[PDB]
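Only one chain is given next, in structure tokens, and it is the form deposited without ligand AKG.
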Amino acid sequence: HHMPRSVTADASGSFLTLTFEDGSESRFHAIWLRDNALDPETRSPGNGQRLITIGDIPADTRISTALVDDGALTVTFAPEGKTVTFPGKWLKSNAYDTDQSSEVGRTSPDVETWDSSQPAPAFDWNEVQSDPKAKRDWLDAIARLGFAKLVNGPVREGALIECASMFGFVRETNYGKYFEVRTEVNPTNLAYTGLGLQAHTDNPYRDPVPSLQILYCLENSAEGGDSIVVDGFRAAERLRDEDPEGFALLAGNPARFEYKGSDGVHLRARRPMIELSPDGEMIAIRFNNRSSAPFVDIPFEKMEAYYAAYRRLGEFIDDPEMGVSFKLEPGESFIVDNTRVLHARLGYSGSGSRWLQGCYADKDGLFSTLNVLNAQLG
């Protein structure tokens, strides 16, 4: 099935049809094959960079001659007269003559959505540093599920920056490379500190949104206040399955977010609460009650139904059965994919203090590190 058997070219030379040993067929256009040639004059052997532009490829490029031999495809292009070969495995892996799904709001096959039945993934600080398999599994959990907990870390200021550096790079803001989250819980504030905060993604007013968030515990002597995570993709899925028109409104119209502090910070963004790829795949969630700004982009005739959908998404986010809760002891931390997984805490149940440190990092670095680890372990 990854082993090519034979090939036929069209009389035009505009495409060819590759038949594999299992009977399956896959068609490839001449232009696509020429642009994706893997030979040293198309792709630099040293760095993999393509050496030619689309403009460099003759617009009348066609397949002149083609043949399957010993697991590979030989193709010669006219009018260049250029012969290249493609390994069979590569052609199958990079095929586009497939039945690509067009389901609106579908999740990527790489991710798995969850509710309160999902245990919090937990990994050991020392093991992820010394065991590449543990590191791979830690980062893979953040990739697939959008969060993971790291335990047995050092009780040291700035330790979260060391965590970030294990896979990527910190998104520095006006607040610094990291920020302090100090809480004092006492009878004078327990009326409000004793209630939970609505789950949210951080900084939807930043474009580009910081794509990972790390929260790291240094001190905890206050009862309750468990951290909680909610899968924005699951909330969005539930809306879509119940109410596809409401989902389409939240995906089809941008919201506005703003943070205009008294500390000389003024951040604004214009993005939808549910962000889809142009072919319908769900790629990001932005939900934060505190920084939502006037919605000026939604037409008058859609505003009521938009608000109804918005309210419904909030109910799914507020649903106790959607939240995964956990304790953070000193030296423990968690990361969330801040383009997907919302976070908050439950109410505090007793007096004391807490000291967390917070920072942002970016997913591209995490995915790169994961890719490198998979290649090293594969």
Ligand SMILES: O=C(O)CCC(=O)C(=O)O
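Residues carry their position along the shown sequence, with the first being 1. Rigid core: the largest C-alpha set superposing within 1.5 Å between the two forms.
Average Cα temperature factor in the PDB entry - higher stretch of 105-113, 212-220
Comparing 212-220 with 105-113, the higher mean C-alpha B-factor belongs to 105-113.
Next item on the list: Would you tell me which stretch averages the higher CA B-factor in the PDB entry, 195-203 or 282-290?
Entry: The stretch with the larger average C-alpha B-factor is 195-203.
Quiz for you: based on the deposited Cα B-factor, which of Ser165, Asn253, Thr83, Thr188 is highest? Out of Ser165, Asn253, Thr83, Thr188, the record gives the largest C-alpha B-factor to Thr188.
Worksheet item: Per the PDB entry, which option out of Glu172, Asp137, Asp263, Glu275 has the greatest Cα B factor?
Response: By C-alpha B-factor in the record, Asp263 ranks first.
Practice item. Select lowest, middle or highest to describe the third in which the CA B-factor of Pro58 falls within its chain in this entry. Key: CA B-factor rank for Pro58: middle third.
(Q) Among the modelled residues of this chain, does the Cα B factor of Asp297 put it in the lowest, middle or highest third? (A) Tercile = lowest for this residue's CA B-factor.
(message) Split into thirds by Cα B-factor across the chain's modelled residues, where does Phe326 land: lowest, middle or highest?
(response) Ranked within chain, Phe326 CA B lands in the highest tercile.
request  = For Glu41, return the chain-relative third of its C-alpha B-factor as stated in the PDB record: lowest, middle or highest.
outcome  = According to the entry, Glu41 has a C-alpha B-factor in the chain's middle third.
> Mind checking which third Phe20 falls in for C-alpha B-factor across the chain?
Replying inline: For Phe20, the deposited C-alpha B-factor lands in the highest third.
Same protein, other form: the form deposited with ligand AKG bound, not shown, and the subject of what follows.
Among the candidates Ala134, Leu197, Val265, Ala122, the residue which, in the deposited bound form, approaches ligand AKG to within 4.5 Å (heavy atoms):
By the 4.5 Å criterion, the partner-contacting residue is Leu197.
- So which of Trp90, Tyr307, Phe179, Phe169 reaches within 4.5 angstroms of ligand AKG in the deposited bound form, heavy atom to heavy atom? Checking each option against ligand AKG in the deposited bound form, the one that comes within 4.5 Å is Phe179.
Legend entry - Proximity of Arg62 to ligand AKG in the deposited bound form, heavy atoms at 4.5 Å: No, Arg62 sits far enough from ligand AKG in the deposited bound form that none of its heavy atoms falls within 4.5 Å.
* To do: May I ask you to state whether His343 is within 4.5 Å of ligand AKG in the deposited bound form, using heavy atom distances?
  => Judged by the heavy-atom cut-off of 4.5 Å, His343 is in contact with ligand AKG in the deposited bound form.
Would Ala164 count as a contact of ligand AKG in the deposited bound form, using a 4.5 angstroms cut-off between non-hydrogen atoms?
-> Contact with ligand AKG, no.
Original post:
If you check in the deposited bound form, is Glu237 within 4.5 Å of ligand AKG, heavy atoms only?
Top reply: Because no heavy atom of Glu237 falls inside 4.5 Å of ligand AKG in the deposited bound form, the answer is no.
For a quick test of understanding: in the deposited bound form, does each of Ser108, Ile274 and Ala284 have a heavy atom within 4.5 Å of ligand AKG? Looking in the deposited bound form, the three residues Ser108, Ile274 and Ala284 all stay beyond 4.5 Å of ligand AKG (heavy atoms).
Which among 98-106, 75-83, 179-187, 144-152 is in contact with ligand AKG in the deposited bound form, heavy atoms within 4.5 angstroms?
Selected stretch: 179-187.
Mind listing which residues of 188-214 have a heavy atom within 4.5 Å of ligand AKG in the deposited bound form?
Contacts from 188-214: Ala191, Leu197, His200, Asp202, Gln213.
Notebook entry, point to check: So which one of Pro244, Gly252, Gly280, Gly196 actually moves, Cα shift of 2 Å or more between this form and the one not shown once the core is superposed?
Noted result: Flagged residue: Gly196.
Exercise for the section: Examine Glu184 after superposing the rigid core and state whether its CA is displaced by 2 Å or more between this form and the one not shown. Expected result: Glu184 C-alpha, core-superposed: shift of 2 Å or more.
**OP:** Could you tell me whether the Cα atom of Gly350 shifts by at least 2 Å between this form and the one not shown after core superposition?
**Re:** It does, since the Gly350 C-alpha is displaced 2 Å or more between this form and the one not shown after the core fit.
* **Relative Cα spacing, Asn189 and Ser353, in the deposited bound form - shift of 3 Å or more** => Compared with this form, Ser353 and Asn189 lie farther apart in the deposited bound form.
* **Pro119 and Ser349, C-alpha gap in the deposited bound form relative to this structure (3 Å or more)** => Compared with this form, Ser349 and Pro119 lie farther apart in the deposited bound form.
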